[PDB]
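Enquirer: These protein sequences, in sequence, are chains CCC and AAA.
For the first sequence, the authors' numbering assigns the number 143 to the initial residue and increments by one for each residue that follows.
For the second sequence, the authors' numbering assigns the number 143 to the initial residue and increments by one for each residue that follows.
Sharing a structure with you now.
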Amino acid sequence: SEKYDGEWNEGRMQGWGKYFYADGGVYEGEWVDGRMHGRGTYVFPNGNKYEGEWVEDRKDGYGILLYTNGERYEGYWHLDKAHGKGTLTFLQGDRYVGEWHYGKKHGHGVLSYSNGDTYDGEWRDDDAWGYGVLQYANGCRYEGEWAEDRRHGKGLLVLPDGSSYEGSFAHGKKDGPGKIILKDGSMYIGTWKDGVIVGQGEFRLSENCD
Amino acid sequence: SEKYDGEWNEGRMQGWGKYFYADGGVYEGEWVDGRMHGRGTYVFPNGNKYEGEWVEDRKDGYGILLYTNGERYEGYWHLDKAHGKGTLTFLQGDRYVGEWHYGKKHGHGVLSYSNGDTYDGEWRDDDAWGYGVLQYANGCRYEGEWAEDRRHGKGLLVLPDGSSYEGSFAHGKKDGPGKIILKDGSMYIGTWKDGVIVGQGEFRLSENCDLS
Numbered sequence: 143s144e145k146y147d148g149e150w151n152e153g154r155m156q157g158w159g160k161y162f163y164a165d166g167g168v169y170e171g172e173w174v175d176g177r178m179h180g181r182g183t184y185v186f187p188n189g190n191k192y193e194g195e196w197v198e199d200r201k202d203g204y205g206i207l208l209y210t211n212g213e214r215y216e217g218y219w220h221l222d223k224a225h226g227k228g229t230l231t232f233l234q235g236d237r238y239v240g241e242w243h244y245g246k247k248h249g250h251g252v253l254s255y256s257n258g259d260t261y262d263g264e265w266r267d268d269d270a271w272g273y274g275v276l277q278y279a280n281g282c283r284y285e286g287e288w289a290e291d292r293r294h295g296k297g298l299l300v301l302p303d304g305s306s307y308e309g310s311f312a313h314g315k316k317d318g319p320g321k322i323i324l325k326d327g328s329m330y331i332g333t334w335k336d337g338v339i340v341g342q343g344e345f346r347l348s349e350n351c352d
Numbered sequence: 143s144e145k146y147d148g149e150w151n152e153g154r155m156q157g158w159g160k161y162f163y164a165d166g167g168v169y170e171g172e173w174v175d176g177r178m179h180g181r182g183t184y185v186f187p188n189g190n191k192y193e194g195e196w197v198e199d200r201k202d203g204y205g206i207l208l209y210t211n212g213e214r215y216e217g218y219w220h221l222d223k224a225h226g227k228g229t230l231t232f233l234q235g236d237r238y239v240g241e242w243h244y245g246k247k248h249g250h251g252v253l254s255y256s257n258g259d260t261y262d263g264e265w266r267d268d269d270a271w272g273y274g275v276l277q278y279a280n281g282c283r284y285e286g287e288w289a290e291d292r293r294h295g296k297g298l299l300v301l302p303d304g305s306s307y308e309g310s311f312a313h314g315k316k317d318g319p320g321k322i323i324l325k326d327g328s329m330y331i332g333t334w335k336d337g338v339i340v341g342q343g344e345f346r347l348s349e350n351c352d353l354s
């Protein structure tokens, strides 16, 4: 009573009710055995707002959280964190659609950046990890391996003009053995370090004129 | 005396006269001191014909020789051989216009092949020798050194698509140190043997949307 305006059952909050927390936060929604449980709205004193499902005072099931910072999560929650399928939109216009593991981008997901870049592929612990495709705004496309949100392992870099690089990347740059095919179809097989050709390599003219 | 129907001076053939040689050849033309000398026509028993200038029984000055085999020389002669400027046309349609040294293509000369190919440059002893340009029919152009009628020394090979090779040739083929530009600007510096790249070399990307 006073701090809780709602229904009771066996001396515990149960049914619909409003609760005013000491820090200025307000819940209005379903209660089970004295906890937020079922559908309910939580307006936080920091400006955040949740509308969705609750289990034992935690966000659990379907819910929408509008963040102060302009971010908006719409999808599934487990133990008070993003879990399963969910969409995160940012104020700038960036959008993530895909899999979540206790509050982190994890599994397969598509992140459409407002800058025009799109990443379609694998995530671990909020970073690009595994195989994924980045379609850059300028026409460049990387299809290959990622580690700690950077291109790392074997990958294909197709340029707008038709040029490609097939080979190794390390810490985001061409690094190790690789091959470039040029506009005219001729190919160079050689070695990169920190994104630049080092030493010498094999050059083979295309069979389309010589 | 009956072999010659023409004029005399100091008991020697001089002025205009006809002569019938034992082998069936016939000269009609100018005579000086009992020799073919000045303007005259010689029909040879092998079918060849000369019309032009003579000095002491030799083709010397301007003259046309039509050969049985279909070749035609038109130009200058010295001591009975092509010498100075002269045009040789062949049955096939091939044409040489340029310099001659005692019967050989020698100095500067243009050979227009019926193929469409043109060679403009230097000759020694009937072969391309020194600097010359071959404008091929297909658009390719070689500008560089020749030896024994084949590309040999340093040369530039520009392809129709803008690709070029700058470097060494031996016996007609890319051979030794050289460099390719691909027109997109990208360049390979390496080594050739018998017209093919051998081993490895230096590759430098051009400023296309590939180093950016």
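Cβ coordinates follow ideal geometry from the N, Cα and C atoms, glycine included.
For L276(CCC), decide whether its Cβ has a neighbour in chain AAA, counting only Cβ atoms nearer than 8 Å.
Expert: For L276(CCC), the answer is no, since every Cβ of chain AAA falls outside 8 Å of its Cβ.
Enquirer: Report the residues of the stretch 289–317 of chain CCC with a CB closer than 7 Å to any CB of chain AAA, ordered along the chain.
Expert: The residues in question are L301, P302, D303 and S305.
Enquirer: How about the stretch 318–337 of chain CCC and the stretch 319–338 of chain AAA: do they share at least three Cβ pairs that are nearer than 8 Å?
Expert: Counting Cβ pairs under 8 Å, three or more are found: they touch.
Enquirer: Between which two residues does the beta strand (DSSP E) holding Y161(CCC) run?
Expert: Note, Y161(CCC): beta strand (DSSP E), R154 to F162.
Enquirer: Nearest by alpha-carbon distance to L233(CCC): which of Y255(CCC), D222(CCC) and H225(CCC) is it?
Expert: Selected option, being the one with the closest Cα: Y255(CCC).
Enquirer: Beta carbon of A279(AAA), beta carbon of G258(AAA): below 8 Å?
Expert: Result yes, Cβ atoms of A279(AAA) and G258(AAA) sit closer than 8 Å.
Enquirer: Using 8 Å as the limit for Cβ to Cβ distance, is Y330(AAA) near chain CCC?
Expert: Closer than 8 Å: yes.
Enquirer: List the residues of chain AAA whose Cβ lies closer than 9 Å to the Cβ of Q234(CCC), in chain order.
Expert: Neighbours of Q234(CCC) on chain AAA: none; closest Cβ ~25 Å, over 9 Å.
Enquirer: Interface residues of chain CCC around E349(AAA) at Cβ under 9 Å?
Expert: Here the premise fails: no neighbours, minimum Cβ distance about 12 Å.
Enquirer: Once DSSP output is grouped into helix, strand and coil, what is the label at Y169(CCC)?
Expert: Strand, per DSSP.
Enquirer: Taking Cβ-Cβ distances shorter than 7 Å, what residues in chain AAA pair up with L324(CCC)?
Expert: Here the neighbours are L324, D326 and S328.
Enquirer: Can you pull the chain CCC residues whose beta carbon is under 9 Å from the beta carbon of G343(AAA), in chain order?
Expert: In chain order: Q342, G343, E344 and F345.
Enquirer: Does the stretch 168–179 of chain AAA come close enough to the stretch 191–201 of chain AAA to have 3 or more Cβ pairs within less than 8 Å?
Expert: Enough Cβ pairs lie closer than 8 Å, so yes.
Enquirer: In the DSSP assignment, find the unbroken beta strand (DSSP E) run with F311(CCC) in it and report its ends.
Expert: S306 to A312 is the span of the beta strand (DSSP E), which, as asked, contains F311(CCC).
Enquirer: Could you check the C-alpha separation between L276(AAA) and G295(AAA) for me, to the nearest Å?
Expert: Cα to Cα, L276(AAA) sits roughly 15 Å from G295(AAA).
Enquirer: So, for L221(CCC): in the same chain, excluding its five sequence neighbours on each side, which residues have a beta-carbon less than 8 Å away from its beta-carbon?
Expert: Closer than 8 Å at Cβ, skipping near neighbours: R200, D202 and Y244.
Enquirer: Near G159(AAA), which residues of its chain fall below 7 Å by C-beta distance, leaving aside the five closest residues on each side in sequence?
Expert: Only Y146, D147, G148, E149 and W173 meet the Cβ criterion.
Enquirer: So what does DSSP say about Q234(AAA), is it helix, strand or coil?
Expert: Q234(AAA) falls in the coil class under three-state DSSP.
Enquirer: Where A164(CCC) and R154(CCC) are concerned, what is the direct C-alpha to C-alpha distance, given to the nearest angstrom?
Expert: Going by the C-alpha atoms only, they are around 20 Å apart.
Enquirer: Can you name the residues that DSSP bridges to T210(CCC)?
Expert: Partner(s): none; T210(CCC) has no beta bridge.
Enquirer: Taking the beta carbon of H313(CCC) as the centre, do at least 16 other beta carbons fall within 10 Å, making it buried, or is it exposed?
Expert: Classification of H313(CCC): exposed, given that the 10 Å Cβ count is below 16.
Enquirer: Answer yes or no: do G343(AAA) and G332(AAA) have a C-beta to C-beta separation smaller than 8 Å?
Expert: Yes, the Cβ-Cβ distance between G343(AAA) and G332(AAA) is below 8 Å.
Enquirer: How is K145(AAA) classed by DSSP in three states: helix, strand or coil?
Expert: It is coil, neither helix nor strand.
Enquirer: Counting only C-beta atoms, is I206(AAA) closer than 8 Å to chain CCC at any point?
Expert: Chain CCC, which has no Cβ nearer than 8 Å to the Cβ of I206(AAA), makes this no.
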